[PDB]
Amino acid sequence: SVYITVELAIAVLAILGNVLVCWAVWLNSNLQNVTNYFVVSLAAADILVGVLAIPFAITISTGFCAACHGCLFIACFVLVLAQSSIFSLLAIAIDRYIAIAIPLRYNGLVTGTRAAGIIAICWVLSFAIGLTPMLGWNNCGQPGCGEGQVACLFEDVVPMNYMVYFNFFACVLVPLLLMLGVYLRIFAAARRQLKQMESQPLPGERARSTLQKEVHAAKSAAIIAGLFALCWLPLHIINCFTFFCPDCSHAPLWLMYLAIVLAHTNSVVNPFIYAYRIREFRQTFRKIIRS
Ligand SMILES: Cn1c(=O)c2c(ncn2C)n(C)c1=O
């Protein structure tokens, strides 16, 4: 009951943390910028983790008996939260790029309305993708619980060709490669901005301070994304060995859970990364707790 204990420990933090973030934003209007609209999507997504995803993960670990629709939803619900985080992290990257790249058109393009729109779309696409195995791409009953109910086991009910080709490479590796490519242009151009301002006949510390603060935000965003890939790659890398290399000793269970726990931990690092990186956030939380 140790794995269970740790999974519950995370669920608590994942909730308290991200919920604290959403509350801090709804309280302090200085954090209600268009940018943080996506951060809210990240929070809500990472909240349902300690709310449903973890509970489901703890249940499916031992396996149970249920229909295909019910057994798939429970097993593929984590793919939805993990996929939504992809769109949110990708949007934030693009956003932090638009600001530094074209500061003027930033307010003209990056609107509070389009934000809510994109988010909605992202979630829809998250359910479409995350629950693709429920569209027919599954191994329900492929060569106990009785007729009608199927032994709900993640590896047995969920195809490997999906989580590898479709899910991992396309819906994870590609995005992360796009995001990484974005931050490449972000910091590459950001340092050029400082070089042009390094050869200016005027102080203009307003533009420098602002530029440095926009870079501080883009950097903080880069750290949030990095921890995502750092906490999900291991779990996918394991599935790459199992699939592509049937000979390669199938990953043990003790190692399997560690990769799974590492993914559920990702939802917790965010609340703490804001309180540290952003001096505006930490002062917001500090107040809520006291009062
Ligand atoms: C992504 N993933 C897995 O790849 C997995 C798993 N249990 C077993 N495997 C293989 N769980 C709960 C999971 O979330």
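Residue numbering for chain A follows Swiss-Prot; the residues present correspond to positions 7-149, 158-305, in that order.
Each residue, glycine too, has its Cβ placed from N, Cα and C.
Record features (Swiss-Prot):
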| type | residues | note |
| --- | --- | --- |
| DISULFID | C71-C159 | disulfide bond |
| DISULFID | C74-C146 | disulfide bond |
| DISULFID | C77-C166 | disulfide bond |
| DISULFID | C259-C262 | disulfide bond |
| TOPO_DOM | 33-42 | topological domain 'Cytoplasmic' |
| TOPO_DOM | 67-77 | topological domain 'Extracellular' |
| TOPO_DOM | 259-266 | topological domain 'Extracellular' |
| TRANSMEM | 8-32 | transmembrane segment |
| TRANSMEM | 174-198 | transmembrane segment |
Position of peak Cβ density within 10 Å, selected from the disulfide-bonded residues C74, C77, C146, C159, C166: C77
10 Å Cα neighbourhood of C71 (disulfide bond): matching disulfide-bonded residues from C77, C146, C259, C262: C77
Outside the topological domain 'Extracellular' (259-266), six or more residues from its ends: residues with CB under 8 Å to it: 252, 273
Secondary structure at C77 (disulfide bond), reduced by DSSP to three states: helix
Cα-nearest neighbour of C146 (disulfide bond) within the listed disulfide-bonded residues, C77, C159, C262: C77
Residues of the parent chain within Cβ reach of the transmembrane segment (174-198), under 8 Å, 6 or more residues beyond its termini: 85, 88-89, 92, 95-96, 99-100, 103, 135, 138-139, 143, 232, 236, 239, 242-243, 246, 250, 253-254, 256-258
Inter-residue C-alpha distance, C77 (disulfide bond) and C159 (disulfide bond) (nearest angstrom): 12
Residues of the topological domain 'Extracellular' (259-266) by DSSP state, where helix covers H, G and I: 0 helix, 0 strand, 8 coil
Candidates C74, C159, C166 (disulfide-bonded residues) - the one closest to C262 (disulfide bond) by CA: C166
Rounded Cα separation (Å) that holds between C259 (disulfide bond) and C166 (disulfide bond): 25
Flanking Cα pair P149 / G158, between which 8 residues have no modelled coordinates, distance in Å: 14
